[PDB]
Amino acid sequence: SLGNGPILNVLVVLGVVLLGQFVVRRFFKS
């Protein structure tokens, strides 16, 4: 990907990962 150096790229990665984890929790919860 382009612009890996910039901090913005890092933030994007963190955001998507966390979102996925939340979804998993919801599934477990009934």
# chains A, B, ... in the order shown; residues from 1 in each chain; ligands from 1
$ select_by_dssp --residues "chain A" --states "alpha helix (DSSP H)" --output "NGL selection string"
:A and (7-28)
$ write_last_selection --atoms "N, CA, C and O atoms" --output "short mmCIF file (atom, residue, chain, number, x, y, z; two decimals), in the first residue's frame"
data_model
loop_
_atom_site.label_atom_id
_atom_site.label_comp_id
_atom_site.auth_asym_id
_atom_site.auth_seq_id
_atom_site.Cartn_x
_atom_site.Cartn_y
_atom_site.Cartn_z
N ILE A 7 1.39 8.12 9.89
CA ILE A 7 0.69 7.53 11.03
C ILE A 7 -0.74 7.14 10.68
O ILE A 7 -1.30 6.21 11.27
N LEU A 8 -1.35 7.83 9.72
CA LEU A 8 -2.75 7.58 9.38
C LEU A 8 -2.97 6.11 9.01
O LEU A 8 -3.96 5.51 9.41
N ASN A 9 -2.01 5.54 8.29
CA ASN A 9 -2.12 4.14 7.89
C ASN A 9 -2.25 3.24 9.12
O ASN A 9 -3.08 2.34 9.16
N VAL A 10 -1.45 3.53 10.14
CA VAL A 10 -1.46 2.73 11.36
C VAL A 10 -2.85 2.80 12.01
O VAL A 10 -3.40 1.78 12.41
N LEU A 11 -3.41 4.00 12.08
CA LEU A 11 -4.70 4.18 12.72
C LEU A 11 -5.77 3.34 12.03
O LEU A 11 -6.60 2.71 12.69
N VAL A 12 -5.72 3.30 10.70
CA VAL A 12 -6.72 2.55 9.94
C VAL A 12 -6.67 1.07 10.33
O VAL A 12 -7.70 0.45 10.57
N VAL A 13 -5.46 0.53 10.42
CA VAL A 13 -5.29 -0.89 10.74
C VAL A 13 -5.90 -1.19 12.11
O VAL A 13 -6.64 -2.15 12.29
N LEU A 14 -5.60 -0.33 13.09
CA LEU A 14 -6.09 -0.54 14.44
C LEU A 14 -7.61 -0.54 14.47
O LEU A 14 -8.23 -1.38 15.12
N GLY A 15 -8.22 0.38 13.73
CA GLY A 15 -9.66 0.55 13.77
C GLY A 15 -10.38 -0.70 13.28
O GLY A 15 -11.25 -1.24 13.97
N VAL A 16 -10.00 -1.18 12.10
CA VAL A 16 -10.69 -2.32 11.50
C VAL A 16 -10.54 -3.57 12.36
O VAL A 16 -11.50 -4.33 12.52
N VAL A 17 -9.37 -3.77 12.95
CA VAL A 17 -9.14 -4.96 13.77
C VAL A 17 -10.09 -4.96 14.96
O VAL A 17 -10.76 -5.96 15.24
N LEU A 18 -10.17 -3.82 15.65
CA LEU A 18 -11.02 -3.73 16.83
C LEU A 18 -12.48 -4.00 16.47
O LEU A 18 -13.17 -4.73 17.18
N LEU A 19 -12.93 -3.45 15.35
CA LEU A 19 -14.32 -3.61 14.94
C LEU A 19 -14.66 -5.09 14.79
O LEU A 19 -15.70 -5.55 15.27
N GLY A 20 -13.76 -5.84 14.17
CA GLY A 20 -13.98 -7.26 13.96
C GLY A 20 -14.16 -7.97 15.30
O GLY A 20 -15.07 -8.78 15.47
N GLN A 21 -13.30 -7.64 16.25
CA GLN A 21 -13.34 -8.28 17.56
C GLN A 21 -14.70 -8.07 18.22
O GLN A 21 -15.28 -8.99 18.79
N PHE A 22 -15.23 -6.85 18.10
CA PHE A 22 -16.53 -6.53 18.69
C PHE A 22 -17.61 -7.42 18.09
O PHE A 22 -18.46 -7.95 18.81
N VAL A 23 -17.56 -7.62 16.78
CA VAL A 23 -18.55 -8.45 16.10
C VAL A 23 -18.54 -9.86 16.70
O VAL A 23 -19.59 -10.45 16.94
N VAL A 24 -17.35 -10.39 16.94
CA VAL A 24 -17.22 -11.73 17.50
C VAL A 24 -17.93 -11.81 18.85
O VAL A 24 -18.66 -12.76 19.12
N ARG A 25 -17.74 -10.79 19.68
CA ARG A 25 -18.36 -10.76 21.00
C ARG A 25 -19.88 -10.83 20.88
O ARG A 25 -20.54 -11.53 21.64
N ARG A 26 -20.42 -10.09 19.92
CA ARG A 26 -21.87 -10.05 19.73
C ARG A 26 -22.42 -11.43 19.39
O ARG A 26 -23.46 -11.84 19.91
N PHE A 27 -21.70 -12.14 18.53
CA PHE A 27 -22.12 -13.49 18.14
C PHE A 27 -22.21 -14.40 19.37
O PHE A 27 -23.21 -15.09 19.56
N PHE A 28 -21.17 -14.39 20.18
CA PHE A 28 -21.15 -15.19 21.40
C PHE A 28 -22.34 -14.85 22.30
O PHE A 28 -22.93 -15.73 22.92
#
